[PDB]
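I have placed the structure first, in the form of structure tokens, so that the comments after it can refer back to it.
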Amino acid sequence: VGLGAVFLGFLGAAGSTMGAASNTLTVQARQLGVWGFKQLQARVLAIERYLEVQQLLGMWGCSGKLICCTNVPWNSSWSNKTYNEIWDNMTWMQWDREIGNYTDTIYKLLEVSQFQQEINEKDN
Amino acid sequence: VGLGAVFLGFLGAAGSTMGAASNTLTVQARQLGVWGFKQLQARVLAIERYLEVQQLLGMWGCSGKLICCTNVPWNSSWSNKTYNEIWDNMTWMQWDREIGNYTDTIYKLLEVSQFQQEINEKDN
Amino acid sequence: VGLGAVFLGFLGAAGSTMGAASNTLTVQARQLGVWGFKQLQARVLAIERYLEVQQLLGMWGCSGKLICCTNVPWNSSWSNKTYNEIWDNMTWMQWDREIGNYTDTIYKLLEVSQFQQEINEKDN
Amino acid sequence: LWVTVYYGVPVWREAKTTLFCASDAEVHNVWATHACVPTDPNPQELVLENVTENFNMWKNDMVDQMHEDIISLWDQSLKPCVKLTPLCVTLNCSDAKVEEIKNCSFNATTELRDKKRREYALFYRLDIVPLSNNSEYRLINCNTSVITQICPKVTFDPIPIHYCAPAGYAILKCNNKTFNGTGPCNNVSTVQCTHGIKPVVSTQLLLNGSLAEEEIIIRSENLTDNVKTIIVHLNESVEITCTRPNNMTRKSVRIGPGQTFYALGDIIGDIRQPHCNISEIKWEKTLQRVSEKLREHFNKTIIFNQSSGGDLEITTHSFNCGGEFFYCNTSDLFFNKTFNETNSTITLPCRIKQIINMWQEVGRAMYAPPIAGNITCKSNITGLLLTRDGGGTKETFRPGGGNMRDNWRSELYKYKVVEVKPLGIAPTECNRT
Amino acid sequence: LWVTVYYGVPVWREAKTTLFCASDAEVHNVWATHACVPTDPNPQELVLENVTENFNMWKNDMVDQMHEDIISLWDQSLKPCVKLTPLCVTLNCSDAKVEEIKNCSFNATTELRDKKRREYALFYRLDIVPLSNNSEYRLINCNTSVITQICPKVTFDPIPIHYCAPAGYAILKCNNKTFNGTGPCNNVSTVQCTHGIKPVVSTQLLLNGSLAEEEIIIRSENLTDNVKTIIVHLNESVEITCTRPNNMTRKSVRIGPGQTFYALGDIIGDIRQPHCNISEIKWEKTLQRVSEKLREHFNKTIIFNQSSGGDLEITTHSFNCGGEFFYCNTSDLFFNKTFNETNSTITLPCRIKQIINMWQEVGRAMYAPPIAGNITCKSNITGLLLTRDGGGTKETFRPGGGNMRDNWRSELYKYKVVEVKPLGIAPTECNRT
Amino acid sequence: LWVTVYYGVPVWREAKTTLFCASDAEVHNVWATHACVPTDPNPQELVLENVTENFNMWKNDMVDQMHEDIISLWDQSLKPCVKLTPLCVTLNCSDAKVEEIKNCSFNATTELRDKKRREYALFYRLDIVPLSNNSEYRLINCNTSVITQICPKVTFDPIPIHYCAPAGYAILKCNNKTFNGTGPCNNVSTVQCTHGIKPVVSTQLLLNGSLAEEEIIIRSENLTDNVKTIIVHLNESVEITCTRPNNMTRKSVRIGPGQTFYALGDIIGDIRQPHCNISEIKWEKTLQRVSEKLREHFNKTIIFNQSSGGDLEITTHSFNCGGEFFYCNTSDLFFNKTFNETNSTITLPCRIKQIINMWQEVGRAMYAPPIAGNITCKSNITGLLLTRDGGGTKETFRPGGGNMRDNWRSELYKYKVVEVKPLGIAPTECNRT
Ligand SMILES: *[C@@H]1O[C@H](CO)[C@@H](O[C@@H]2O[C@H](CO)[C@@H](O[C@@H]3O[C@H](CO[C@H]4O[C@H](CO)[C@@H](O)[C@H](O)[C@@H]4O)[C@@H](O)[C@H](O[C@H]4O[C@H](CO)[C@@H](O)[C@H](O)[C@@H]4O)[C@@H]3O)[C@H](O)[C@H]2NC(C)=O)[C@H](O)[C@H]1NC(C)=O
Ligand SMILES: *[C@@H]1O[C@H](CO)[C@@H](O[C@@H]2O[C@H](CO)[C@@H](O[C@@H]3O[C@H](CO[C@H]4O[C@H](CO)[C@@H](O)[C@H](O)[C@@H]4O)[C@@H](O)[C@H](O[C@H]4O[C@H](CO)[C@@H](O)[C@H](O)[C@@H]4O)[C@@H]3O)[C@H](O)[C@H]2NC(C)=O)[C@H](O)[C@H]1NC(C)=O
Ligand SMILES: *[C@@H]1O[C@H](CO)[C@@H](O[C@@H]2O[C@H](CO)[C@@H](O)[C@H](O)[C@H]2NC(C)=O)[C@H](O)[C@H]1NC(C)=O
Ligand SMILES: *[C@@H]1O[C@H](CO)[C@@H](O[C@@H]2O[C@H](CO)[C@@H](O)[C@H](O)[C@H]2NC(C)=O)[C@H](O)[C@H]1NC(C)=O
Ligand SMILES: *[C@@H]1O[C@H](CO)[C@@H](O[C@@H]2O[C@H](CO)[C@@H](O)[C@H](O)[C@H]2NC(C)=O)[C@H](O)[C@H]1NC(C)=O
Ligand SMILES: *[C@@H]1O[C@H](CO)[C@@H](O)[C@H](O)[C@H]1NC(C)=O
Ligand SMILES: *[C@@H]1O[C@H](CO)[C@@H](O)[C@H](O)[C@H]1NC(C)=O
Ligand SMILES: *[C@@H]1O[C@H](CO)[C@@H](O)[C@H](O)[C@H]1NC(C)=O
Ligand SMILES: *[C@@H]1O[C@H](CO)[C@@H](O)[C@H](O)[C@H]1NC(C)=O
Ligand SMILES: *[C@@H]1O[C@H](CO)[C@@H](O)[C@H](O)[C@H]1NC(C)=O
Ligand SMILES: *[C@@H]1O[C@H](CO)[C@@H](O)[C@H](O)[C@H]1NC(C)=O
Ligand SMILES: *[C@@H]1O[C@H](CO)[C@@H](O)[C@H](O)[C@H]1NC(C)=O
Ligand SMILES: *[C@@H]1O[C@H](CO)[C@@H](O)[C@H](O)[C@H]1NC(C)=O
Ligand SMILES: *[C@@H]1O[C@H](CO)[C@@H](O)[C@H](O)[C@H]1NC(C)=O
Ligand SMILES: *[C@@H]1O[C@H](CO)[C@@H](O)[C@H](O)[C@H]1NC(C)=O
Ligand SMILES: *[C@@H]1O[C@H](CO)[C@@H](O)[C@H](O)[C@H]1NC(C)=O
Ligand SMILES: *[C@@H]1O[C@H](CO)[C@@H](O)[C@H](O)[C@H]1NC(C)=O
């Protein structure tokens, strides 16, 4: 039951500032037929959308951490605004326009910078 | 293969005391047709029952810990018996009668009390 | 998309030595119809092959660690070669011949030796 | 200062996906086959705050996922009952003596294919075509399409179905009252699945639909067009009452081994017309209020006119009622009136057809069995379907349906399915120490 | 003192789910289509200790998931072979000269639909119905149901299938010996999938079933009822031997283009009856041991009696044998005996039918092709099917089947599917420091 | 010193799995039904280094997953159009007057099953069989198989399909140039899905296939065998040109209610043969280069010979061209030549059939509608299909196909699907402290 209800629950305050979505979430979280084939086609997609974001989390050294904090330097060719300009004067939907063309080069960079943590310090 | 065999293996000593199921588990763990649609309908349900309990674990800060220990105070309006009365004089099937009407109010409480751990100490 | 591309990406340098596959991976990681039923039968198998290895990882106290290091002593009735003989003079495909008949007795041993870590030190 | 990730951020993207049914919880039915998930007794709608999302009505995808599966639903339901292939022979029909209904007498095969009984039935004049008059008819379209009959146990009564998106998707829903059909509306709320949608089938006047809020809405795509239709939503429900007062008597006849069907026997009493009724003062004010909401979008006078003509699926008001398919005239005291500046009753003449070619295609033609006794259905007209003339002074609006997807584009005028992307990336102060 | 969770605790809940097949590993077959998972060579059963779980037999769900998919299995198998629609015409039958078997001669169409050869076949008197005598017959039910024939390559021999629950579910299994059908039993063991279940089809006496353990079990639902049947499980297997000693000769006839079927040609030698055999001393003691186990549940004398009568699917012992469907009398020296306080052989007369209406429904009627040469099948009678009379002195038990789900409710009398809920919540001393 | 695990190690194992389609992105088509995933615009192949993996060609599984789903594809496509069951009656055919083409005249039923018009069509002599001559023919195989016709909208033009393994599997691909069909090759590269495979249908000479690299490859299974065929891959593409210069006129005739089909009307102008063309100097050198690559594997002289004979699907060169099915002689100036030590043109006579029994089975027989006007298709012969005689001096090779799976075993001669096992176990120094 709790496989897509949390996905719908993420959309609370979708127009608020980016520095408020980490704050104003706790204020709202206080309280063979034809359809036999449509439901199967729906359930496979519902599983696949969860597993895709799960593998995308699992490659970055955090598999259940919400605010996962990674050791990758911020390349300023992707954005040029400071922390106080982004986090207090933008909504989360508007951020995906500026970051929307450097997604895969950040994803692969995060993957290899997490792979270096396993190679370097642990055993080798 | 090991996707529901462990689910069947959990049922060892289903009539023992609650303080023995954590002990007497190591003593036993020492050693297109019609059916083409029935098997597909079975496999989707077998995946979904595993992913539902996986998300229910993943929301509480432990995603593979067996005895996961959480920082939620015990509200005594749910049960009034002590630790020595519950854990040594009850089976695990009998506990689900007493706790059986406060399940969702414990689940949402565990979720928000885990969300506070990410907000408070880590970065914000 | 990234659900089997990493599975194909694991096969880089499949003929190299075992002590080089942990090294020479970073050098290459720098940069209703008939088919409507075939694709559904393919997607269920693609999910199941990922979840089987995920549960097999999750039973051993590491659910996203790549080089997971476990506290099980090496029984020398499985292999008799030293570390410098195995890791520098063998490929990874050739290792599965020597270890290929002691797989399940290592898997169950790893499971119970991880279960002892939860029973002993944490709470009980 | 360093890259960090965030699970669960409010970021969506418009997409195309596969929805499913949800009924409100035992004879078989073509719409909900008693194989649907039970609905939420209290649906959880999450109202958004201070966000403007623009979405198109005519470029939707749910209205194409609604015209496809309904076709598949009738394909699934009309499969396991008998086709009327060996029925149509050289019929010998004169009239009924109780011109509208002919007394046909033909040679059907009995239960074994060696004897032939002559069996009589009664058909409508809108259902047989002559061959020479000389009175030798045949069935209307057993030359282009194989004709099946409806399995007589199932019903057509539209119970409302809900369309739920899969887990991990969202359905937006505009809550603005005066929402013109295409543009940005600033009161948006997400819902897992929509309200009750009755899958009603009509082509001229919309029936049993949800009313508008506090205004008359004029939904279109290009108002300077001639082929693009004009959906006129309503906020004043006008009641219609359609009935036939004849007491029909069905009769079973056998055409093949294990193959039987039902046809009209004799008619009880004096024959009377099937008619529909519309209150006059509840209709004149409705046309006047629509006329003022159409004058300002053209800045000239408008004048309603008759339909075009031709076949009797375009110049009529076709609808379903209790298991019978009507075809009413709808162009007598409705659409010959202009607009300047007594409890009467308008009666529309209406004719009934047995064999119908639904969704105006070839290869599919169902046959409706007759219904014993009279029927009477009272409904709500919330919505029209107009079409501009093609002139260019004044204005002339032919009332005529463009398709059947426009019949679904009134209950789905405020929904768009999106896919959430809960992964966010932001710079912050922390680094993985 | 603080809430903690536990993964993998022994907590289950009764539920309803979808099971699947598992055969014991090449002609086609209707039961196992060679599309089933291979079984475990050694199944792992986990015996539970010191737990009493109560489960109902008649309120099961596997016995409704067994009557549905078998219907779907015969629907899947009888699809791609020929229907006998153009077969039944005005037949012209007199007798065979070798009253039980008639020599019918009819007009079938040849490979092209312009010529008609008269072709002869041989049918049973229990398979044609007259029309006037005057000797003009027709096939028995080509007026209510379209009739198909069995594809002649497939077989009906019941190989045992195993029903496996999905991964994440459990199937309980009672191990008590004297288990009355409904109540709590205290020796429970979980198993992933059940033992070998032969999908046998019978209606009067159960065949090839698993015997009881060390007692005679009398399973019922309400023993103070009259319409609820009484399943009498057994622990003494009584051997039955059923055969027909006639050497039948099949013969191919063609009825349509690419459409042929097989019918009985001539019969070799002198005609003899098809009969069944039951040893008398192995049957008198079996009825006496059942009679004592029924006297104590009514505290009056019991007396067996004949069946009711009517159609020949209720007052008979219908079963399948080697690809032929029998209908034996079963009420001659079995059910006219009371109970007070030589190696003989009881012979039952038995008649054979070709066209059978299995599962007593309409719309489905298969035709069995004849089998060349004699057949002989030896089986085990482990189970009866009795029914109380409806009086209320003494007692009278009509031997008669109530349904066909009761034929599965002997091999599934000790299984219930449950869903494990491995999440537990308990208070303890630790807190997340 | 202690056991540690490793996620993602290069370990595979040979397995059997279910692949799927991928086309290169609108009339319907039998091969790609416009329901296939779009391909990668640039496929990612990962070349392996210093590894020898041996795989068999004839023991593959993709060539059995290719012969099954193509059968299912034609089964899916030939379902919803009309079967020619009531067509074949006693035909009355004499000749055309424009022996190869007969003018047949028969009695079809009109749109209502009470009148019969006599309608004429034109059939080929290779398509009707006589009954007595006396000139009364019938259609060729409406005695063993029900015959359907092709739905006339769909096409047969082979667009290439790609076979993608599921996520979590790998498809190896050998990159060696001179790869004999079975053995270890040492230049292996993994690919998610293979190159474009045209699903061409031929039985004598391979058409439109991928050429070899820099040599002539002689693929076989046992070269000391007589029934095992010999696939001879090529590296010199020889162009073939096949055409018929007659201007055929199709004609619609109606046989049932809603059931019509198309047949040949009259032929425009003087009748001419359908022939194929092969350049002589591009063929003599090709046979000589194959002859030298076959002499060294037998160490005796080889001599090509004619085909065996019998039915006209084995001793011919059957192929498809533009929607018409040819059957050419292919044994006139190709296979009567030995080998010692002018821009001419070889013309092969070729005959056309309408009704074809593809994949040499019973129960399925499609009918091809005629094509208006002439057709001309130019193709590439990359591959032969030879068979040893069975003697044992010299050698004789009958050119003749063994199956249709061998037609797929040229485009799948270098692919094997494997399943990765990314869990590795090794001893190391660390322990879980
Ligand atoms: C309840 O349980 C009883 C158990 O006895 C079942 O009885 C068996 O029924 C099957 C089905 O009729 C019988 O199997 C058939 O046996 C025929 C004769 O068997 C001879 O050959 C075998 C070879 O090993 C010997 O072992 C045996 O002793 C005999 O010498 C076979 O001919 C059949 O095989 C093939 O026959 C023809 C070809 O001639 C094919 O068309 C068939 O498809 C088939 O492939 C078949 O194997 C079996 O013999 C019976 N057991 C006996 C007599 O002990 C009941 O069927 C079962 N179910 C009920 C009553 O519903
Ligand atoms: C092996 O490989 C050869 C490669 O040559 C294939 O040969 C091709 O076969 C196809 C199918 O017959 C041919 O495609 C058809 O061409 C017709 C004529 O093409 C003219 O128009 C195109 C337009 O771009 C020009 O490029 C071309 O030069 C010609 O001027 C078309 O008319 C067909 O299109 C439509 O035709 C009718 C309408 O008239 C429709 O009913 C059809 O459905 C279709 O939509 C069609 O495109 C192609 O021309 C051939 N290539 C040539 C001659 O070079 C073999 O088919 C292939 N396979 C084997 C042998 O099995
Ligand atoms: C936006 O739409 C929502 C949903 O219709 C409105 O919320 C409702 O407002 C009415 C009247 O004020 C209340 O009776 C309801 O309780 C409200 N909630 C719901 C869930 O229906 C809201 O008022 C609208 N806001 C604007 C600015 O138009
Ligand atoms: C409960 O049932 C189990 C299963 O039948 C019994 O265990 C078997 O007992 C017999 C006889 O003692 C042994 O031969 C078997 O080895 C036992 N195990 C199995 C797996 O069959 C058990 O005895 C029963 N207990 C009670 C109290 O009735
Ligand atoms: C092994 O096969 C690969 C793939 O064909 C060869 O790699 C190609 O070689 C050619 C010619 O040297 C280059 O033009 C290509 O760029 C190479 N790569 C690809 C992806 O095609 C390789 O040369 C072969 N090696 C051996 C030893 O045969
Ligand atoms: C309302 O909008 C303002 C700016 O448009 C925004 O700062 C605020 O967060 C919004 N309200 C809520 C409840 O998000
Ligand atoms: C690509 O990046 C540019 C920044 O140069 C951005 O403006 C644009 O929106 C991005 N996305 C596109 C072109 O889809
Ligand atoms: C047997 O039952 C007692 C109490 O009923 C319980 O304490 C004990 O644990 C049970 N035996 C096993 C092996 O669980
Ligand atoms: C609900 O809670 C009560 C405690 O007051 C409990 O007795 C009952 O079993 C619970 N469950 C129900 C009513 O299903
Ligand atoms: C080439 O082979 C040698 C030994 O066969 C091996 O050591 C080396 O790693 C291989 N090359 C690569 C790139 O793996
Ligand atoms: C089993 O173990 C032996 C070691 O004694 C090994 O040689 C063999 O390859 C293994 N695998 C088998 C027999 O499949
Ligand atoms: C119609 O025709 C039938 C015979 O064809 C006749 O018996 C009957 O009286 C006629 N009239 C009506 C009203 O049925
Ligand atoms: C009219 O139809 C009704 C519908 O059931 C029926 O009860 C009645 O007998 C019919 N005849 C008359 C005269 O009312
Ligand atoms: C049955 O009838 C046929 C002709 O209809 C005849 O040839 C045959 O002798 C008769 N008797 C038997 C036993 O077949
Ligand atoms: C009887 O049937 C058997 C069964 O195959 C056959 O072999 C035999 O020839 C038949 N006739 C006689 C006279 O036994
Ligand atoms: C074929 O026969 C038809 C009549 O059956 C005739 O009209 C026609 O002239 C004949 N010849 C040709 C070439 O069609
Ligand atoms: C021959 O066929 C072509 C194909 O379209 C057609 O255009 C032409 O009219 C036909 N007749 C002649 C005489 O070319």
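By order of appearance in the structure tokens: chains A, B, ..., then residues from 1 within every chain, and ligands from 1 in the order shown.
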
*What residues in chain C have any atom no more than 7 Å from chain A when counting only C-alpha atoms, and can you write them as a PyMOL selection string?*
chain C and resi 2-3+64+67

Restricting it to N, CA and C atoms, dump the selection as a compact mmCIF listing (two decimals), in the first residue's frame.
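part_4.txt was written with the following content:
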```txt
# COMPACT_ATOMS: atom_id res chain seq x y z
N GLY C 2 18.95 2.57 -15.98
CA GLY C 2 20.12 2.05 -15.30
C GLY C 2 19.80 0.87 -14.42
N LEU C 3 19.13 -0.13 -14.98
CA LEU C 3 18.78 -1.35 -14.26
C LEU C 3 19.51 -2.58 -14.78
N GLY C 64 24.65 -2.49 -0.31
CA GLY C 64 25.07 -1.38 -1.13
C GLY C 64 26.55 -1.14 -1.03
N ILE C 67 32.74 -3.60 -1.97
CA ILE C 67 33.71 -4.52 -1.36
C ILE C 67 33.28 -4.68 0.09
```

_Long-range neighbours of region 85-89 of chain E as a list in words, 6 Å cut-off, only C-alpha atoms, 4 positions minimum in chain_ =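 So the residues in contact are residues 112, 113 and 114 of chain D; 139 of chain E.
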
Next, write the just-selected residues to a file, as a short mmCIF file (atom, residue, chain, number, x, y, z; two decimals), in the first residue's frame, keeping N, CA, C and O atoms as the atom set.
```
data_model
loop_
_atom_site.label_atom_id
_atom_site.label_comp_id
_atom_site.auth_asym_id
_atom_site.auth_seq_id
_atom_site.Cartn_x
_atom_site.Cartn_y
_atom_site.Cartn_z
N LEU D 112 -31.64 -28.72 -36.40
CA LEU D 112 -30.86 -29.57 -37.27
C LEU D 112 -30.95 -29.01 -38.69
O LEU D 112 -32.01 -28.59 -39.13
N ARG D 113 -29.82 -29.00 -39.39
CA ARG D 113 -29.74 -28.29 -40.67
C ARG D 113 -30.27 -29.11 -41.84
O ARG D 113 -29.60 -29.31 -42.84
N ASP D 114 -31.50 -29.59 -41.71
CA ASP D 114 -32.15 -30.29 -42.80
C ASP D 114 -33.59 -29.87 -43.01
O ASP D 114 -34.14 -30.15 -44.08
N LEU E 139 -28.80 -36.14 -33.05
CA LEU E 139 -27.86 -36.12 -31.93
C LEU E 139 -28.50 -35.45 -30.72
O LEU E 139 -29.43 -34.65 -30.85
#
```

*Give as JSON, numbers by chain every residue of chain E that touches chain D within 7 Å, counting only C-alpha atoms.*
{"E": [88, 89, 90, 142, 143, 144, 145, 146]}

Would you write out, as JSON lines, a table of all residues in chain D that have an atom no more than 10 Å from an atom of chain B, listing for each the closest atom pair and the distance in Å to one decimal, considering only C-alpha atoms and ordering rows by chain and rising residue number?
```
{"residue": "D:428", "atom": "CA", "partner": "B:123", "partner_atom": "CA", "distance": 9.0}
{"residue": "D:429", "atom": "CA", "partner": "B:123", "partner_atom": "CA", "distance": 8.3}
{"residue": "D:430", "atom": "CA", "partner": "B:123", "partner_atom": "CA", "distance": 6.8}
{"residue": "D:431", "atom": "CA", "partner": "B:123", "partner_atom": "CA", "distance": 9.8}
```

*Using the chain letters and numbers from this document, which residues of region 74-124 of chain B does DSSP assign to alpha helix (DSSP H), as a ChimeraX atom specification?*
/B:83-88,92-98,103-117

*Given the choices F:416, F:1, F:219, F:32, which gets closest to residue 36 (chain C) if the distance is worked out from only C-alpha atoms?*
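Selected residue with least distance to residue 36 (chain C): F:32.
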
_Which residues are near ligand 14 - at most 7 Å, using only C-alpha atoms and all ligand atoms? Format: as a PyMOL selection string._
chain E and resi 96-98+103-105+119-120+265-266

Please produce a file of the residues just selected, as a short mmCIF file (atom, residue, chain, number, x, y, z; two decimals), in the first residue's frame, where the atoms kept are N, CA and C atoms.
```cif
data_model
loop_
_atom_site.label_atom_id
_atom_site.label_comp_id
_atom_site.auth_asym_id
_atom_site.auth_seq_id
_atom_site.Cartn_x
_atom_site.Cartn_y
_atom_site.Cartn_z
N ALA E 96 -27.91 -52.30 -34.65
CA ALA E 96 -26.79 -53.12 -35.06
C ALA E 96 -27.19 -54.58 -35.02
N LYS E 97 -26.56 -55.38 -35.87
CA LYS E 97 -26.91 -56.79 -36.02
C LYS E 97 -25.72 -57.70 -35.71
N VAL E 98 -24.93 -57.33 -34.71
CA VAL E 98 -23.78 -58.12 -34.32
C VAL E 98 -24.17 -59.14 -33.26
N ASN E 103 -27.21 -48.35 -35.89
CA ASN E 103 -26.45 -48.16 -37.12
C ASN E 103 -27.05 -46.98 -37.86
N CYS E 104 -26.45 -45.81 -37.68
CA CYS E 104 -26.96 -44.57 -38.24
C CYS E 104 -26.33 -44.31 -39.60
N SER E 105 -27.10 -43.73 -40.51
CA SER E 105 -26.62 -43.41 -41.85
C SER E 105 -27.16 -42.04 -42.24
N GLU E 119 -22.90 -41.41 -45.51
CA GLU E 119 -21.91 -42.10 -44.70
C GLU E 119 -22.58 -42.68 -43.47
N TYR E 120 -22.12 -43.86 -43.07
CA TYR E 120 -22.72 -44.56 -41.95
C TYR E 120 -21.76 -44.57 -40.76
N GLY E 265 -16.84 -47.87 -36.36
CA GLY E 265 -17.15 -48.69 -37.51
C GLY E 265 -17.89 -49.93 -37.07
N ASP E 266 -17.41 -51.10 -37.45
CA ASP E 266 -18.06 -52.34 -37.06
C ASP E 266 -17.40 -52.92 -35.82
#
```

_Give me, as a ChimeraX atom specification, the set of residues whose atoms come within 12 Å of any atom of ligand 6, counting only C-alpha atoms and all ligand atoms._
/A:11-21,23-25,27-28,87-92 /D:10,47-52,186-187

_Considering only C-alpha atoms and all ligand atoms, can you say which of F:179, F:262, F:334, F:413 comes closest to ligand 5?_
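Among the listed residues, F:179 lies closest to ligand 5.
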